[PDB]
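Descriptive structure summary
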Amino acid sequence: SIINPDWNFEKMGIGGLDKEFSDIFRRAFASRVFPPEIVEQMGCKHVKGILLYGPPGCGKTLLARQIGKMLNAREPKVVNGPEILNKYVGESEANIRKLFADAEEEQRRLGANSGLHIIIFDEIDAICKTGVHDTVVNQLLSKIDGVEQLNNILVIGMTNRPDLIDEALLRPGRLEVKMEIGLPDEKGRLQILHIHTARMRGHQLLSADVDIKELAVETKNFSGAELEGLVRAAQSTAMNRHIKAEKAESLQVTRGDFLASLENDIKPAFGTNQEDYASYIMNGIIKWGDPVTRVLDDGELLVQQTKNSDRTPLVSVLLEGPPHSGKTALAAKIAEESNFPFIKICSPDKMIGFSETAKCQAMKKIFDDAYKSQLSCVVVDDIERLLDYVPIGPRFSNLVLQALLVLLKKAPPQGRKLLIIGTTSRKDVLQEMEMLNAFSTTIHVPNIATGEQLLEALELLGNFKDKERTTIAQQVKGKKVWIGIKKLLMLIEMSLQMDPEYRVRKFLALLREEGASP
Amino acid sequence: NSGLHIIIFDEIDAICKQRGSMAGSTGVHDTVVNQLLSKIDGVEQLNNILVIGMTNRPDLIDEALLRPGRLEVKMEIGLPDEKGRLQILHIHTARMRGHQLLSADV
Ligand SMILES: Nc1ncnc2c1ncn2[C@@H]1O[C@H](COP(=O)(O)OP(=O)(O)OP(=O)(O)O)[C@@H](O)[C@H]1O
Ligand SMILES: Nc1ncnc2c1ncn2[C@@H]1O[C@H](COP(=O)(O)OP(=O)(O)O)[C@@H](O)[C@H]1O
Ligand SMILES: [Mg+2]
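Residues numbered from 1 in each chain as written, not as in the entry; some residues may be left out. Chains lettered and ligands numbered in written order. Part of a larger assembly, values for the part shown. Heavy atoms only, no water.

This entry, as listed in the PDB, derives from cryo-EM and reports a resolution of 3.56 Å.

The name recorded for chain B in the PDB entry is Vesicle-fusing ATPase, from Cricetulus griseus. Recorded in the entry header as its title is "22bin20S complex (NSF-alphaSNAP-2:2 syntaxin-1a:SNAP-25), hydrolyzing, class 19".

The name the PDB entry gives chain A is Vesicle-fusing ATPase, with Cricetulus griseus as the organism. What UniProt records for chain A under Subunit is the sentence "Homohexamer. Interacts with GABARAP and GABARAPL2 (By similarity). Interacts with GRIA2 (By similarity). Interacts with PLK2, leading to disrupt the interaction with GRIA2 (By similarity). Interacts with MUSK; may regulate MUSK endocytosis and activity (By similarity). Interacts with CDK16 (By similarity)." Per UniProt, the comment on chain A under Sequence similarities is "Belongs to the AAA ATPase family." (UniProt positions renumbered as here; feature names shortened; annotations may be inferred.)

Pasting the structure below:
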């Protein structure tokens, strides 16, 4: 044969990715497809060196098996790694020599024309770094260097620490090409769950009520091992329920078992989606007047502008208003309204006790991650706390300000897009630090400033009504009211705590005392 | 077929330490952990053995064993809250009341 461009691998039983194939197989075909003698005449070197790196559990071993099988090579030999490297040097000499001799004997016997041997290694980072490390690394390098001239060497290795491996191992002609395996993928997670549940359905024991789509949606960042453990826990809890009970003939696994196993037994690795919106928007968005609609309209218009256009891939916004006016929730709602693939919120609640350098690193990491997807939206709230500000002196951090000022006007890689939303409550400070000159536009969030709006909001929230509402309206009308939305909830809660008949008095007294003048 | 054999490794943190450096000549500590890891899980498959490892501080435990496939379902045993406390005090006082050695005042 001259070509094997068959790509049933994704549907063969392993998801993986559908991009590596092109590079891997184009290089393999270039190396080996052509007749050997012309290659000898041209004096080109066959590719020998592969390193699949990343966090464990992503399914690297299966990829290494598939590439070995699909490639027309001999059966694979593999070692955990430190095993070969015994404490005593000299073991790392005979032991290393025998592995290479295993293929040398066949290569000599069969001459130049011979098959490819695929030797798999794991945890190379452990050995690469007390004088045993250098000698072991040199002994390994000796064969691939060219002194031993082995032309049949497929060395697919694995590791988790790219910074604790000699770069000489990747010097041209040593490892050359590299790749890493990422998250289990939402659609890939769906596919793996489908494969496992199809193996289950092979006997139709699984109940029809169970669905794959919703389950895959719920579970976030569960490596294949984690999903298999979840399946095992589900089966175990179903068995427990059965034993605590003809029932055997009626054994069926229900969704509730899956939910209980997910909640109790299996610990996630990365799951956050159902925390952000639940926490930051805790009481929902309640319309109180006309000003609430303008902000949302402008947000949607800006989202549309950033979605489809060129010559302006980067757009920035700034929400400003008096304190206790509910700026974080509205920005979160604007972020949720669109359906961008990537959405993240950077707030100071998670960086207590940090120094400025750590905050810079965290912001940089979030932005770097946000640069990858096709288009994304980011939110920064309490800009005046990120750069800790004290009206005495005044004092603040220069490094964070410089990093933010640079990041706000740095275009993403070619062809991508990005949206940034920021929130603050002190515009004059930013105006003085020449930071308001970077944001493209601004949006003003006002407070309640009329008795009619106060009555409407109170009625929509409920609680006070009938004669209480009539008295409140009579008292408030013909006056000036200036109160933030977030303060109204606290005041109403406080006033509701008194005796049933002595409630309106406390609320009116509190409202009159506070609110001051605008 | 057959039954199961249960091996209880008390003070398991003594022999299974981190295989990082150990800064010591000879690799007895590393060799022991590697041999046990190979035996528990390896090319051959054993399905009639269960190991219960009890430790006082999980921090000083090698990473490999806690990984899935070697040792799973890890539990924590905390302090009794209110009812276990009464049960304990009854268990440890049953004898004296059996022989009438506790005054009615208590
Ligand atoms: N229409 C609304 N707009 C804003 N917030 C609302 C609205 N309706 C209800 N809320 C509630 O108001 C609270 C808004 O809190 P938020 O953190 O946004 O306040 P803030 O004044 O921006 O805060 P801070 O001054 O601490 O930066 C949330 O409980 C949200 O549920
Ligand atoms: N893409 C995938 N498709 C199906 N199963 C997978 C996939 N990725 C991981 N798994 C499951 O997760 C486990 C991966 O273990 P393995 O890759 O050997 O460990 P490591 O990733 O540390 O080398 C396997 O048991 C496999 O069933
Ligand atoms: Mg806020």
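**Looking at the environment of A:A362**
On the secondary structure map, A:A362 appears in helix α14 (residues 356–370). Judged by its relative accessible area of 26%, A:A362 falls in the partly exposed class. (Helix = DSSP H or I, 4+ residues; strand = E, 2+ residues; numbered from the N terminus. Buried < 20%, exposed > 50% of the residue type's maximum accessible area, 1.4 Å probe, protein only.)

**Quick notes on empty space enclosed by the protein**
Residue and element names in this part refer to chain A. Taken as a whole, the largest cavity encloses approximately 570 Å³ of empty space. Around the largest cavity, the lining is made up of 28 residues, and of these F100, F121, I124, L140 and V155 lie nearest the centre. The set of elements that each furnish at least two residues to the lining of the largest cavity consists of β1 (50–53), α5 (91–110), β3 (118–122), α6 (132–145) and β4 (154–159). Per-class residue counts for the lining of the largest cavity are 23 nonpolar, four polar and one charged. Counted as a void, the second largest cavity has a volume near 110 Å³. As for the second largest cavity, its lining consists of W7, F9, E20, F21, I24, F25, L63, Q66, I67 and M70. (1 Å grid on protein atoms, 1.4 Å probe; cavity = no way out; pocket = protein on both sides within 12 Å on 5 of 7 lines; lining within 4 Å. Points joined across faces, edges and corners; volume = space filled by probe spheres on them. Nonpolar A, V, L, I, M, F, W, Y, C, P; charged D, E, K, R; others polar.)

**Overview of the site of ligand 1**
Residue and element names in this part refer to chain A. Taken together, 14 residues lie near ligand 1, and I286, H324, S325, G326 and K327 sit nearest. Note that a nitrogen atom of ligand 1 is positioned 3.1 Å from one of the backbone N or O atoms of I286. Between ligand 1 and the protein, one listed contact pairs an oxygen atom with a backbone N or O atom of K327 at 2.6 Å. Summarising the interface, the protein chains cover 82% of the accessible area of ligand 1, which totals 650 Å² for the free molecule. When atom positions are compared with the pocket grids, ligand 1 is found to occupy the second largest pocket. (Near = heavy atom within 4 Å. Polar contact = N/O pair within 3.5 Å; in protein donor to acceptor, adjacent residues only side chain to side chain. Areas by Shrake-Rupley, 256 points an atom, 1.4 Å probe, with all protein chains shown as cover. Sits in = over half its atoms within 2 Å of the grid points.)

**Quick word on the UniProt feature "binding site: Mg(2+)" in chain A**
All names here are of chain A. Sequence positions flagged by UniProt for "binding site: Mg(2+)" are, in local numbering, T328. Along the chain, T328 falls in helix α13 (residues 327–337). Take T328: its relative accessible area is 31%, and that puts it in the partly exposed class. When neighbours within four sequence positions are excluded, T328 is seen to be in contact with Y280 and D381. (Contact = heavy atoms within 4.5 Å.)

**Concerning a nonpolar patch on the surface**
All names here are of chain B. A cluster of nonpolar side chains, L4, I6, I8, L50, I52 and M54, forms an exposed patch at the surface whose accessible area comes to about 550 Å². Only β1 (5–10) and β2 (49–54) provide two or more residues apiece to the nonpolar patch. Ranked by residue count, the leading element in the nonpolar patch is β2, at three residues. Its place among the elements puts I8 in strand β1. (Patch = residues over 30% accessible without salt bridge, like charges linked within 9 Å, V, L, I, M, F, W, Y side chains within 5 Å. Salt bridge = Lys/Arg side-chain N within 4 Å of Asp/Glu carboxyl O.)

**Quick word on the sheet that holds strand β2 (residues 77–79) of chain A**
Remark on secondary structure: sheet strands pair via backbone hydrogen bonds, oriented parallel or antiparallel. Residue and element names in this part refer to chain A. Pairing in this open sheet of five strands is parallel, and the strands run β2-β3-β4-β1-β5 from one edge to the other. Each end of this open sheet is capped by a strand with a single partner; those strands are β2 and β5 (177–180). Taken pair by pair, the neighbouring strands of this sheet meet at an average axis angle of 15 degrees, ignoring direction. One ladder, built from four bridges, connects β1 with β5; its direction is parallel. Directly across from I50, in β5, lies its bridge partner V177. Along the sheet, helix α4 (residues 60–70) contacts β1, β3 and β4; its crossing angle with β4, the most-contacted strand, is approximately 170 degrees. (Pairing = 2+ DSSP bridges. Axes fitted to C-alpha atoms, helices over the stretch in contact; angles between N-to-C directions.)

**Comments concerning the site of ligand 2**
All names here are of chain A. Neighbouring ligand 2 are 13 residues; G57, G59, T61, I192 and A225 lie closest to it. Within the backbone of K60, a nitrogen or oxygen atom sits 3.5 Å from an oxygen atom of ligand 2. With respect to ligand 2, the backbone of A225 contributes an N or O atom lying 3.2 Å from an oxygen atom. Coverage of ligand 2 by the protein amounts to 70% of the 580 Å² it exposes when considered alone. Going through the elements one at a time, α4 and α9 (224–244) are the ones with two or more residues in the shell around ligand 2. With three residues, α4 is the single largest residue contributor to the shell around ligand 2.

**Notes on a negative patch on the surface**
Residue and element names in this part refer to chain A. Together, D297, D298, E300, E336 and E337 make up a region of like negative charge exposed at the surface. Going through the elements one at a time, α12 (291–307) and α13 are the ones with two or more residues in the negative patch. Among the elements that make up the negative patch, the one with the highest residue count is α12 (three residues). Given the relative accessible area of 55%, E300 is considered exposed. (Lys, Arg positive; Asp, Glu negative; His and termini not counted. Charge placed at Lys NZ, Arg CZ, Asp CG, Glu CD.)

**Structural notes on the pattern of salt bridges**
What the rule picks out here adds up to 11 salt bridges over all chains. A salt bridge links A:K467 to A:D466; its shortest N-O distance comes to 3.0 Å. Here B:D62 makes a salt bridge to B:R19, at a shortest N to O gap of 3.0 Å. Note that B:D62 is positioned in the loop between β2 and α2 (63–66) and B:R19 in the loop between β1 and α1 (28–40), a separation of 43 residues in sequence. The class of B:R19 is partly exposed, set by a relative accessible area of 31%. When salt bridges with common partners are traced through the structure, they connect A:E186, A:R189 and A:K220 into a single cluster.

**Structural notes on the nonpolar core**
As a rule of thumb, soluble globular proteins bury nonpolar side chains together. Residue and element names in this part refer to chain A. If you look at the biggest cluster of nonpolar residues, it comprises 27 residues, and the most contacted ones within it are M363, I383 and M435. Only β6 (314–320), α14, β8 (375–380), α15 (383–386), α16 (398–407), β9 (417–424) and α17 (427–432) provide two or more residues apiece to this core. Contact partners of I383, with chain neighbours within four places excluded, come to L318, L404, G422, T423, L430, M435 and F439. Listed in part, the 19 residues of the second largest apolar core include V295, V315, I345 and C377. (Core = buried A, V, L, I, M, F, W, Y, C linked by side-chain atoms within 4.5 Å.)

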